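Here's a solo chain for you in structure tokens, the form deposited in one PDB entry.
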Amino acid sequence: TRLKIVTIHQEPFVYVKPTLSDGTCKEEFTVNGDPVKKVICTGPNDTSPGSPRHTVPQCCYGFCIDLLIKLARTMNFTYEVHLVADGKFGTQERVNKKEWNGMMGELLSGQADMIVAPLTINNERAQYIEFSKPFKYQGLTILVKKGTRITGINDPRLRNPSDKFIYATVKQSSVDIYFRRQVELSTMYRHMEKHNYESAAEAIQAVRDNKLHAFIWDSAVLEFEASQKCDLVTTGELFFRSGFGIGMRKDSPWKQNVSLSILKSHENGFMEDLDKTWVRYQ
């Protein structure tokens, strides 16, 4: 079938770039000298909240795009990639009536047929959608500027906060709902909800610019950022374990074979190859 795939900008899983003048993608080589497989993805350009969204063709590539191509050729299907219009992962928010936003909203409203992005498996999302077996096992860590002394999650500058040390996550993401629903994490959520960022990139930028002192997010992203920017470090190891899965509607006929392909890929090394290509270098 012709599957409408939804994704999100999130390095090194999905890099988003403008096309050249002729609407094509510039040829690139990986860290290993192999050519980069790029797809055309449509998505909005302006990232200012409460503004009109003008969709344009763009170039998508990365860990998740190679996974898409592998799944597509393994299960023999065609696709169209688009970027989530609101630029969010997805949470269920109260408007009595509760509505889904982000990729979750696009999948449930029929705007997308499949989520191929670093989307965390959780209780909330699993009630409404089918998740594949995880394509990546990881968790939560904390990103700080080199020099910022922080122990981890049990540090007094997070457990007993003030306006002197600002920390945050990404709005309407799984990290955000994790802190919201956990009563032990209540004091932290109260601080974070005044400071959360629209996107992971803006938060990473804010930590470099000394505007945000700590960014709480996925270790697969934060460890990659710290491996690329020498002014950034992660603090401690994982304080909470989580994994990324492919998302489909519960009525999807691709459910069984999406998961078998994923299991197959971890077992034969394809998943390790993706990590060698996109995640682990420098």
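Residue indices: 1-based, along the sequence shown. In this text, rigid core is short for the largest set of C-alphas that superpose within 1.5 Å between two forms.
J.: With neighbours modelled on both sides, does residue 182 go without coordinates in a third or more of the other PDB entries compared?
T.: No, residue 182 is modelled in every one of the other compared entries that cover both of its flanks.
J.: Determine, among the other compared PDB entries that model residues flanking residue 76, whether at least a third leave it unmodelled.
T.: Residue 76: modelled in every other compared entry.
J.: Between residue 95 and residue 96, what class does the number of missing deposited residues fall in: none, 1 to 3, 4 to 9, or 10 or more?
T.: Per the deposited record, the segment joining residue 95 and residue 96 lacks coordinates for 1 to 3 residues.
J.: Taking the recorded C-alpha temperature factors, which stretch has the higher mean, 170-178 or 207-215?
T.: Taking the mean C-alpha B-factor of 170-178 and of 207-215, the larger value falls to 207-215.
J.: Going by the mean C-alpha B-factor recorded in the entry, which is higher: 14-22 or 254-262?
T.: Per the PDB entry, the higher value belongs to 14-22.
J.: Could you say which of 110, 152, 102, 139 has its CA atom at the highest B factor, as listed in the PDB entry?
T.: Largest recorded C-alpha B-factor: 152.
J.: Compare the CA B factors listed in the entry for 87, 118, 90, 147 and report the winner.
T.: In this record, 147 carries the highest C-alpha B-factor of the candidates.
J.: Considering only modelled residues of the same chain, in which third does the CA B-factor of residue 129 rank: lowest, middle or highest?
T.: CA B-factor rank for residue 129: lowest third.
J.: Per the entry's values, where does residue 135 land by CA temperature factor relative to the rest of its chain, in the lowest, middle or highest third?
T.: Lowest third of the chain for residue 135's C-alpha B-factor.
J.: Quick check on the deposited entry: does the C-alpha B-factor of residue 81 sit in the lowest, middle or highest third of its chain?
T.: Lowest third.
J.: Lowest, middle or highest third of the chain for the C-alpha temperature factor of residue 34?
T.: Answer is middle: the recorded C-alpha B-factor places it there.
J.: Sorting the chain's modelled residues by C-alpha B-factor, tell me whether residue 75 ends up in the lowest, middle or highest third.
T.: Answer is highest: the recorded C-alpha B-factor places it there.
Unshown form deposited in another entry; subsequent notes refer to it.
J.: After the core is superposed, which of these residues, 228, 256, 51, 55, moves its CA 2 Å or more between this form and the one not shown?
T.: C-alpha shift of at least 2 Å: 51.
J.: Tell me, please, whether between this form and the one not shown the C-alpha of residue 27 is shifted by 2 Å or more, with the rigid core used for superposition.
T.: No; residue 27 is a residue whose C-alpha shifts by less than 2 Å between this form and the one not shown when the cores are overlaid.
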